[PDB]
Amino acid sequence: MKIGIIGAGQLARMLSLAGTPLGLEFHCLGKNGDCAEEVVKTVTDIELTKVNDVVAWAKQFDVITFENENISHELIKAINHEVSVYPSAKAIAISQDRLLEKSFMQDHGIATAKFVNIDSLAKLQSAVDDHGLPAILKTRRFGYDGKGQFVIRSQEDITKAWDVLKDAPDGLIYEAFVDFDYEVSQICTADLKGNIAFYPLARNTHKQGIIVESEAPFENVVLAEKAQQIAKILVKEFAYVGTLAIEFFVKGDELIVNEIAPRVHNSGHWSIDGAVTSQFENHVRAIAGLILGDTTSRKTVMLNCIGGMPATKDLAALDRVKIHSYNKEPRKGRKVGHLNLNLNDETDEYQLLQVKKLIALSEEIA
């Protein structure tokens, strides 16, 4: 079977790494020299606006998936008319727009931050009067790593925020600050028949709006149950096939949806080395029409390498650390790799502290 992936970045790279031993063949649409290239059969660089050409490319393969939900959902719908694409155009459309995403949650009685669509400065001032400060003005689309937003605490910030972001082509959204204690994410995978394989919750730590650490399983039976029920609704309503990620704010035993990504997700990279079947292998199994792999898991920490990565020689000296370099070009704010470590004993804690020390020396976050 041949799987086409829109995107040739690190997620596609890891999808191919996971799915290739299954006997599947991988082809990417992306730029040559992108990091998935050396682990896939072909990479073809087609401009994504050239719809007919993208479709023509897609039809060479048996199933299509994608690594970035920011892509055109009409493009997906076109492709899907001709060759199966997972997950759905609906999942893309809803997950890629903060307004549609939060509105969807609200429509199904699922908690989010209080939010207001912002199409004028007055609308913004009204949202601040209603729902308070601090708050964030965000682009509805193409936001990533906390970019494309402006935090608001003073009245003077309102006009400043508006002046910067007002011309964002796909609009804006006001979000009120959420009162939360910590953050977790629910990753799961849904097969062709709607069966869902669940990972345990992962507790995610952020720095400057970028995820820097993920630890799983996060043990809280109450919270896990709620997350799974929320996951189930999304899978049903999206008729979802593939790996799905849901990020939550946690306050007490209440979960609040932050946002979702219709794909394998940074907060699940731990499963490469902490689960019997990773988020990547299971995404591939799902879209290939196969029964999903067992997701039994063991305590694992994932550490992100942003802007830089410690020398492989130094990493290798911590002989239990599992190394995941994406073979990317070091650059401030750029995710160039991650590290996984199972945590069983004190010797693991030792290496962990040592890993964090190495990361602190190499890391460059924006």
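We number the residues from 1 along the sequence you see. Rigid core: the largest C-alpha set superposing within 1.5 Å between the two forms.
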Task: Higher-deviation stretch (C-alpha RMS, rigid core fit) in 4 other deposited structures of this protein, choosing from 220 to 228 and 145 to 153 - done: 145 to 153
TODO: Name the stretch, 236 to 244 or 171 to 179, whose C-alpha atoms sit farther from the shown form on average in 4 other deposited structures of this protein, taking the rigid core as the superposition reference.
DONE: 171 to 179
Open item on the list: Mean Cα B factor from the PDB record: higher for 325 to 333, or higher for 33 to 41?
Closed with: 325 to 333
Task: Between the two ranges 274 to 282 and 191 to 199, the one averaging a larger CA B factor in the entry - done: 191 to 199
Open item on the list: If I read the C-alpha B-factors straight from the PDB entry, which of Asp179, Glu101, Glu247, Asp294 is highest?
Closed with: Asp179
Open item on the list: Comparing recorded Cα B-factors across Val85, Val222, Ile210, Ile256, which one is largest?
Closed with: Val222
- [ ] Report the third (lowest, middle or highest) to which the CA temperature factor of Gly242 belongs, ranking only the modelled residues of the same chain.
- [x] lowest
Open item on the list: Looking at the temperature factor on the CA atom of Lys90, which third of the chain's modelled residues does it land in?
Closed with: middle
Task: Third assignment of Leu75 from its chain's C-alpha B-factors - done: highest
TODO: Using the B-factors in the PDB entry, rank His269's C-alpha atom against the chain and give the third, lowest, middle or highest.
DONE: lowest
TODO: Tell me, lowest, middle or highest third: where does the Cα B factor of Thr300 rank within its chain?
DONE: lowest
